[PDB]
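Shown next, in structure tokens, is the structure this report addresses.
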4 protein chains.
Amino acid sequence: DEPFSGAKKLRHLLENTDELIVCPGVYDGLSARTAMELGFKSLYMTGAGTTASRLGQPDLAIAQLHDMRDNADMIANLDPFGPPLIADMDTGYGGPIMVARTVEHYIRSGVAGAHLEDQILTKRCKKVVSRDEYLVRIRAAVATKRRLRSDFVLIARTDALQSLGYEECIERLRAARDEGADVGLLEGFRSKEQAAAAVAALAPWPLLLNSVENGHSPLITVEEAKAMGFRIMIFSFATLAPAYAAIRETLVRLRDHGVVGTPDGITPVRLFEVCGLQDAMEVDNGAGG
Amino acid sequence: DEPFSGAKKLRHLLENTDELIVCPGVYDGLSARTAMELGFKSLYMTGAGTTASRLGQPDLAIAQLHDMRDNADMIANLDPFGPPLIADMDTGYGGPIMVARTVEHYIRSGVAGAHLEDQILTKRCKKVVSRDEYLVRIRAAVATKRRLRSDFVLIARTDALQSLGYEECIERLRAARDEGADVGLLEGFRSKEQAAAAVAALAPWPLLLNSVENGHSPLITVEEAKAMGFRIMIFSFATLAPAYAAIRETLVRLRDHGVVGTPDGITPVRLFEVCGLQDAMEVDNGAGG
Amino acid sequence: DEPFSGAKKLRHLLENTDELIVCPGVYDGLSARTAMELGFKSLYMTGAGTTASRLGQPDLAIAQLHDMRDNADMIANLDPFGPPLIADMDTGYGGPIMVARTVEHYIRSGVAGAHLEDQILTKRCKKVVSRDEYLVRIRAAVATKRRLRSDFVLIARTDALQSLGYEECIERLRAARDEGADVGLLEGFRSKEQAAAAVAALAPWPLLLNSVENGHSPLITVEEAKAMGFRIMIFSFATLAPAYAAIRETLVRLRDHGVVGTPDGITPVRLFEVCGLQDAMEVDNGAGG
Amino acid sequence: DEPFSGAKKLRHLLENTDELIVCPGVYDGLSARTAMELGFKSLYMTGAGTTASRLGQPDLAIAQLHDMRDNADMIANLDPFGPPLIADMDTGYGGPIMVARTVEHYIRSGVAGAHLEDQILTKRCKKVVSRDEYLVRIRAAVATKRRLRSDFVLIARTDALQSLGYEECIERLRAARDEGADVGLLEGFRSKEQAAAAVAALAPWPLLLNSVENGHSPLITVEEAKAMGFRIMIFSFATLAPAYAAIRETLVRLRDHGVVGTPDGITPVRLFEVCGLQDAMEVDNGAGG
Ligand SMILES: O=C([O-])C(=O)[O-]
Ligand SMILES: O=C([O-])C(=O)[O-]
Ligand SMILES: O=C([O-])C(=O)[O-]
Ligand SMILES: O=C([O-])C(=O)[O-]
Ligand SMILES: [Ca+2]
Ligand SMILES: [Ca+2]
Ligand SMILES: [Ca+2]
Ligand SMILES: [Ca+2]
Ligand SMILES: [Mn+2]
Ligand SMILES: [Mn+2]
Ligand SMILES: [Mn+2]
Ligand SMILES: [Mn+2]
């Protein structure tokens, strides 16, 4: 109904429906505009993608609050009445003060939700901090969203599986739940059985499945994830990866054959249309221009 | 030889060789990193692409100095010893004071060159200002690059063909040349004959051909452009367009079939490798980490 | 009551009270934090000050949307429950598309209101555009705040007095009023009589008096302005000017006598306290840190 | 001689003279422009000041690379031929990858030098990391400035005195020296005797004295510091503190008496003059405007 109400919209989807919320991972204006064009009900802003696109760098804690907030603020608000945005917030970019600032900035920027992880600050796409230090992050985040009277959906992410194992992950999610996290994310399942098991272990508290295209986790389909009981599923590299493959293929053709060769329906005007040309023309015409 | 010497490198290519300098149009870190991966000798930063990707908006004078400089600064310097970057600088983002500031900022940011046009400030991918007002822009730009003792390659772009015709375009380029522009860009040729004619009219002053993929200008190949006498050729939508087509195709598959389906060789690690993973690991390992 | 409700708060002050709303002109975090420390009920973000502080440049259309929005976003939200912020929005930074984007960004950023002027885009602290072109700006701005269902207070500023005279100013304000502006600002009165006259001419539509410290307009006190019927009074250079005088005096002492000599009660900790140390410590302590 | 050669200029002052290099601490465009107006030969950009002014926050690791680089880039380049800028770089904003990125960005931005400290990432205006972890930072920084063939002056700062004592500080500086730091900074001396002692302990390797106005370190005059053997002296709060006192005094007067009362010589035009009005007018006039 109201503009900039992504958090309320996501919260409604989570609490008022049983649907699996499918969130394509977007990383810039073009990828986000394309997801919106196609009618996705929620979007996900990847940190890895944001770093690659906005900074041309690997996902090694190089993007910080300013870059992440700027990208999320841009994407969340392309349409003030558009789909909610879940955004990576990494480790919160510092201690509790920075976690709170991050949540506050995301909330202000119309971001619907974000995932906060237990990696050491010098993180990567892997060591984690203590359970207690993780919970300091979660507490700082929850207190902020409450202080701000926001419906912001905080997703507690654990990267502990690799180094600490399943039980530890489940216990961290349970602890995070108690501190006020709204959704859990056990990063990098090793098997589909294990994914269903984590859902069962934490039910009825909602989980989010992070599908990493061409990564090191099992390929789980949307229908498989829904049947498993997941409530959100994000697709981290859903746009960055095909963008790279296409850009590379095209530039190789340009290099070797002196032509770009992009299907002719992809015109500048169509691109502008995807990126809000109509809205802009309406503004201009409406203003008496 | 030296880091951040893109301007010198481009200048050398222009003055010390007869090669057609082929510049794929890039718009973010991923597109730029891909062009670099493939060994292009010079890159072009599109304004339309920058606006679509960094802002999710159409090319309607929405991106301003800060966005354009930030993107160019990022791209030009991904490799301090990398290929020169020619960047769109639109109309200079204001009067002479802003044109000068823009050139100064681009120069400081390691940008090798930029094209400056005669469109009215409220520009678009079309009305132009008077010849005199255009020359005020060119003069402000040239004086700046000279004041800064820079090899910065200033490209004088004219969008006058549409509304004023060929002769007017040629005269504006001649005037711009005299004010100190290094290269001319007659935007949007209507025919290959006309493109060769503009080159002949301004010889031996170098021209740059702007190829717009799927646009409204004749399809000219690299070999055709070289034979015509052009010295630079940029490919405005060379990466933005195929990126869109691929992202869209992928998201449609995700929407309809619940899987992303990106060829499996495009892994997160490969993407990180393209985006400077090795450099980063070298830094960390080298620092005793 | 609610966080980020500056627009509602300003609107309430305007519509629900007869008080003269006194807004000290602030330009950075320190000046804003000081105004807040002292209990001002509303703040004003100067464009000239923003340009001097964030960019080190004169008020010559050098700061653009990104700089202005970033500064306003920072200041408005230092306290989510703090005083409303009226921010300079100059000419809207472009055509109607940019005016709308500017208003949209200010609204999103919690800004309570802004003044929009009729200067030519290449403005200064003086030529104005036609009445019709001005109204295109106003219309774009009003349509945006309505589209966004916002209480944003749009102040229509006219700089026409200098070149066009009083009657023209009054007519522009009347026109702006009809297009939906909430408050009028006749910039640079020449006399106190003329200021009272403009109020009378537009009553009961509220006016805002812009007091420029050490400028070329009559010195009007708060009590004088209230008696004249003004509803808002901003103090453009209220913090930038004394900051400069003090910084200069201090640096001269440092240069000549080798000591800074700042009264000893102005400690780093006091400065941190003014700039939100307590809030930060509360966050950290509260998070279990 | 050449534009953007702050690093070379600072390096020359350090290596080719025996003068104490006096650097007033500046934090925005106005403070920097004032220091330049008065002829200081080098400027210092305070992190605390940058955080207070650009962010309105306390010096608690809230400003990150983007804010710090943006401020330093702005200040260093107000005059391409102006005085060198030494800028706070805190802990490097992350692990070795971020330290290197920070140094690279500062170098690109014309920054002459920077101090890098051994505080834990969650720093403050106090715990320090291990000697080895500190040296990882220093190594990353030195390798970067070398890779970039830059004269950048790296200042190794130690905050270890408080928790670890004098000997530890001296040993860290010696280690940092060996890893390639150009200057040492023992933060927060407890006595003048101890300051002279640190200089003697590290001679002939240059030290920098950080004078914190109204802080918890002894008041040392410029002449005292020179006699002690220091080669650089920075004045952290030299402009932020008097700015606050003046802004506060003024706003209190405005609040209580309805007038600003700033000495009348501090006009908008004078402020614009201090902030580069002449340069701007020269650009405009020169461009044929
Ligand atoms: O950055 C990402 O794409 C993530 O964390 O899933
Ligand atoms: O923006 C662009 O891509 C251009 O101007 O060629
Ligand atoms: O910029 C300002 O301070 C104004 O417009 O009053
Ligand atoms: O931030 C500062 O001012 C410092 O570290 O001296
Ligand atoms: Ca094609
Ligand atoms: Ca695949
Ligand atoms: Ca003192
Ligand atoms: Ca005065
Ligand atoms: Mn991530
Ligand atoms: Mn363009
Ligand atoms: Mn203004
Ligand atoms: Mn500091």
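We did not get these values from a lab; they are worked out from the coordinates using the rules stated. Using ideal geometry, Cβ is built from the backbone for each residue, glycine included, and neighbour counts are taken over all protein chains shown.
Within segment D:232-251, can you find the residues that are surrounded by fewer than 23 Cβ atoms within 10 Å (Cβ to Cβ) and either under 21 Å from residue D:158 (Cα atoms) or not small (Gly, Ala, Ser) (or both)?
D:248, D:249
Any chance you could count how many residues in segment C:64-87 are in contact with a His (Cβ under 6 Å, 6 or more places away or on another chain) and more than 9 Å from every other protein chain (Cβ to nearest Cβ)?
1
In this structure, does residue D:73 turn out to be of a type in the set (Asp, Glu) and over 16 Å from residue D:102 (Cβ atoms)?
no
What about residue A:73, is it of a type in the set (D, E, K, R), more than 16 Å from ligand 2 (Cβ to nearest atom), under 25 Å from residue A:277 (Cβ atoms) and in contact with a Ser or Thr (Cβ under 9 Å, 6 or more places away or on another chain)?
So residue A:73 fits the description; yes.
Every residue in segment A:1-36 that is crowded, with 18+ Cβ neighbours inside 10 Å and of a type in the set (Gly, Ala, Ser), please.
Scanning segment A:1-36 gives A:6, A:7, A:25, A:29, A:31, A:32, A:35.
Among the numbered criteria (1) away from ligand 10 (no atom under 15 Å from the Cβ); (2) over 16 Å from residue B:47 (Cα atoms); (3) more than 14 Å from chain D (Cβ to nearest Cβ), which one does residue B:110 miss?
Condition (3) is where residue B:110 drops out.
Between B:56, B:39, which is at positive phi, facing chain A (nearest Cβ under 9 Å), in contact with a helix residue (DSSP H, G or I) (Cβ under 6 Å, 6 or more places away or on another chain) and not hydroxyl-bearing (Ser, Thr, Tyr)?
Only one candidate qualifies: B:56.
Please indicate, with yes or no, whether at least one residue in segment D:217-233 is facing chain C (nearest Cβ under 7 Å) and touching a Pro at 6+ places or on another chain (Cβ under 9 Å).
No; the residues of segment D:217-233 include none that is facing chain C (nearest Cβ under 7 Å) and touching a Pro at 6+ places or on another chain (Cβ under 9 Å).
Among (1) within 26 Å of residue C:58 (Cα to Cα); (2) surrounded by fewer than 24 Cβ atoms within 10 Å (Cβ to Cβ), where does residue C:148 come up short?
(1)
Count, please, the residues in segment B:218-228 that happen to be in a loop (DSSP other than H, G, I, E, B) and either crowded, with 18+ Cβ neighbours inside 10 Å or aromatic (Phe, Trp, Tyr) (or both).
Of the residues in segment B:218-228, 1 are in a loop (DSSP other than H, G, I, E, B) and either crowded, with 18+ Cβ neighbours inside 10 Å or aromatic (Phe, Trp, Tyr) (or both).
In segment A:253-289, what residues are within 7 Å of chain B (Cβ to nearest Cβ) and either of a type in the set (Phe, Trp, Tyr) or within 16 Å of ligand 10 (Cβ to nearest atom) (or both)?
Scanning segment A:253-289 gives A:267, A:268, A:271, A:272, A:275, A:277, A:280.
Restricting the search to segment B:84-108, which residues are crowded, with 24+ Cβ neighbours inside 10 Å and more than 16 Å from residue B:123 (Cα to Cα)?
B:84, B:85, B:86, B:87, B:96, B:97, B:100, B:102, B:103, B:106, B:107
The rows are residues; the columns are (1) away from ligand 8 (no atom under 16 Å from the Cβ); (2) not β-branched (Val, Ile, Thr).
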residue	(1), (2)
C:184	yes, yes
C:190	yes, yes
C:193	yes, yes
C:197	yes, yes
C:213	no, yes
C:228	yes, yes
C:245	no, yes
C:257	yes, yes
C:262	yes, no
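Can you tell me which residue in segment A:151-168 is surrounded by the most Cβ atoms within 10 Å (Cβ to Cβ), limited to those that are of a type in the set (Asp, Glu) and not in a helix (DSSP H, G or I)?
The extreme case among them is A:159.
For segment D:147-165, name all the residues that are more than 14 Å from every other protein chain (Cβ to nearest Cβ) and within 13 Å of residue D:184 (Cβ to Cβ).
Residues satisfying the conditions are D:153, D:155, D:156, D:157, D:158, D:159, D:160, D:161.
Of the residues D:137, D:101, only one is away from ligand 1 (no atom under 16 Å from the Cβ), more than 15 Å from the chain's Cα centre (by Cα) and within 18 Å of residue D:159 (Cα to Cα); which?
Unique residue meeting the criteria: D:137.
Does residue A:124 count as surrounded by fewer than 20 Cβ atoms within 10 Å (Cβ to Cβ) and either of a type outside the set (A, V, I, L, M) or away from ligand 12 (no atom under 16 Å from the Cβ) (or both)?
yes
Filter segment B:42-53 for residues that are more than 9 Å from every other protein chain (Cβ to nearest Cβ), under 19 Å from residue A:270 (Cβ atoms) and not small (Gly, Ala, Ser); which is surrounded by the most Cβ atoms within 10 Å (Cβ to Cβ)?
The extreme case among them is B:46.
I'm trying to understand the selection: among the residues of segment A:113-123, which are within 14 Å of chain D (Cβ to nearest Cβ) and outside any loop (DSSP other than H, G, I, E, B)?
A:119
Here are some conditions: (1) within 11 Å of chain C (Cβ to nearest Cβ); (2) within 18 Å of residue D:25 (Cβ to Cβ). Residue D:61 meets all but one. Which one does it not meet?
Every listed condition holds for residue D:61 apart from (2).
Working only within segment B:124-146, note down all residues that are part of a helix (DSSP H, G or I) and within 8 Å of another protein chain (Cβ to nearest Cβ).
B:132, B:135, B:136, B:137, B:139, B:140, B:143, B:144
Only one of A:239, A:221, A:250 is touching a strand residue (DSSP E or B) at 6+ places or on another chain (Cβ under 7 Å) and of a type in the set (S, T, N, Q). Can you tell me which?
A:239 is the lone residue from the list that is touching a strand residue (DSSP E or B) at 6+ places or on another chain (Cβ under 7 Å) and of a type in the set (S, T, N, Q).
Of all residues in segment D:229-251, which are of a type in the set (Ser, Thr, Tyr) and either outside any loop (DSSP other than H, G, I, E, B) or touching a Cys at 6+ places or on another chain (Cβ under 8 Å) (or both)?
D:244, D:250
Would you be able to tell me the number of residues in segment B:190-211 that are of a type in the set (A, V, I, L, M, F, W, C), surrounded by 23 or more Cβ atoms within 10 Å (Cβ to Cβ) and not in a helix (DSSP H, G or I)?
Total meeting the criteria: 3.
Tell me whether segment C:22-32 contains one or more residues that are over 30 Å from residue B:102 (Cα atoms) and touching a helix residue (DSSP H, G or I) at 6+ places or on another chain (Cβ under 8 Å).
Within segment C:22-32 (the criterion being over 30 Å from residue B:102 (Cα atoms) and touching a helix residue (DSSP H, G or I) at 6+ places or on another chain (Cβ under 8 Å)), the answer is yes, since at least one residue qualifies.
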